[PDB]
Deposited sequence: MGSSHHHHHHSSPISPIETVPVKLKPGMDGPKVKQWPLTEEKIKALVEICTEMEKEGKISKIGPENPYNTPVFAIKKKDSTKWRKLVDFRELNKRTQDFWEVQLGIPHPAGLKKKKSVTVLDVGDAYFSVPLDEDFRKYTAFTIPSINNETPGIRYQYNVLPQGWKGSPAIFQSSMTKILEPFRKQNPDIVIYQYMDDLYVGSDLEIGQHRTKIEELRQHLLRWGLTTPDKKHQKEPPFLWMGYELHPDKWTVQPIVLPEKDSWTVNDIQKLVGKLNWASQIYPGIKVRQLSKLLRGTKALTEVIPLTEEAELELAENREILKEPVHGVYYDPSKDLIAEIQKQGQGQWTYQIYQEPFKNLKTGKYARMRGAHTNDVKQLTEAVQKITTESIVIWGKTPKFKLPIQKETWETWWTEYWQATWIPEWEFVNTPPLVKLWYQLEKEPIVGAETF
């Protein structure tokens, strides 16, 4: 047998105890079918109620597939797992990945079931399948092999992935292949079609080792940043200048170069909001400086791996969303937009989660690390629906915030 590898939790920390949330008939049917099969192949085993631990599960319907994918929300366990992340992984992040014409995401999660999982850790990977209308109690399982979605899994399997891939990388040194959790990211500057042929070629290797081997066609170089922007106007009203001065006072925490004084001078007195104020040539020029100070990129922002990325998102309306990624406040690393169908049936929640899968996907590609999201939505709404729209094998930490109606007005686009 392939030798088992000793795996600990972080000191002082106890395994996950998160209650399973309700699933749809559709989903349970799948989970049950998938699970009895994993059990038949010895990958997971029934367990009882004296195992104290638990971690929710569900399923996704990848692409237009007839195939369901089990997804075990493991981010609790992962949080609490000893750092192989740091203590048992030596991975530099492929900076060249962020710059490839095309990048395809393959799900190599399956190759994990080949390695057995440390006997003593197993009880921590426990999960429970629900039944419709509670016709039965929950049916509990735990892993024997390496679970997909457990951060331990890529670390443990690292060695063998390097063996398996080594030949393919050797011949395609211009192809960069990066692993993250269940995911293999593969980038080429090939023209699509030959790239795609390279991806089916890589899948032919990942089959000669088994067993066996969605989210297709990223382009890290078609991405771009969204600046803060100032309106252009022929006549300005008190209200215009009041909104202008408010936007900048804040923008100045990001770009300390921004100046407001002269524009404020126009807002002397106590004027009616709709009164038109002529822009004294200096303030007319101060709006020229700032307008440029906003162009020179934010200074002095260095990525620290030992801190989480934070992601703030704002609903901009009419299908529009804005995000910023930072680690310290006002020190953005990237800041972007995300537009969508302004149709009649726009589903705010579905977009929110398509927004967080894109923003995550970028973060992984750029830093190899998941961002923590500050979501502009109610906890319950979000939890009622988000998995109906998930397509990723990973799940980012998040927290819900009621964003100040102000912060949106700053990043808003013209």
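Absent C-alpha positions map to the deposited sequence ranges 1-15, 229-241, 443-452, in order along the chain.
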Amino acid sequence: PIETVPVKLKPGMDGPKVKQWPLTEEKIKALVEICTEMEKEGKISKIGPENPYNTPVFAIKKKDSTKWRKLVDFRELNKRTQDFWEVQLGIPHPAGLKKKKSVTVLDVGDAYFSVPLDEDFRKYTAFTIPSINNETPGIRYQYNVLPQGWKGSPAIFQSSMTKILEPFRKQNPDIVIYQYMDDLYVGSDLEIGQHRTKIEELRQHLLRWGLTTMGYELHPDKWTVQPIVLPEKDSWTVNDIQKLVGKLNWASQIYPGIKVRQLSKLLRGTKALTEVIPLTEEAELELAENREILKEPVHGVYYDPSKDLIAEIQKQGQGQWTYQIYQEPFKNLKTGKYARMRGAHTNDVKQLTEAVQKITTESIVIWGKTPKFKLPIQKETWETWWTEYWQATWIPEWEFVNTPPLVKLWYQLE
From here on, numbers count along this sequence of modelled residues.
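Comparing 300-308 with 238-246, the higher mean C-alpha B-factor in the PDB entry belongs to 300-308. The mean Cα B-factor in the deposited entry runs higher for 102-110 than for the other of 102-110 and 122-130. For the set 116, 137, 152, 220, the PDB entry puts the maximum C-alpha B factor at 220. Out of 275, 76, 183, 174, the entry records its largest CA B-factor for 174. Ranked by Cα temperature factor within the chain, residue 41 sits in the lowest third according to the deposited record.
Ranked against the other modelled residues of its chain, the C-alpha B-factor of residue 165 as given in the entry falls in the highest third. Among all modelled residues in its chain, residue 93 ranks in the highest third by Cα B-factor. Among all modelled residues in this chain, the alpha-carbon of residue 263 has a temperature factor (C-alpha) in the middle third. Among all modelled residues in this chain, the alpha-carbon of residue 147 has a temperature factor (C-alpha) in the lowest third.
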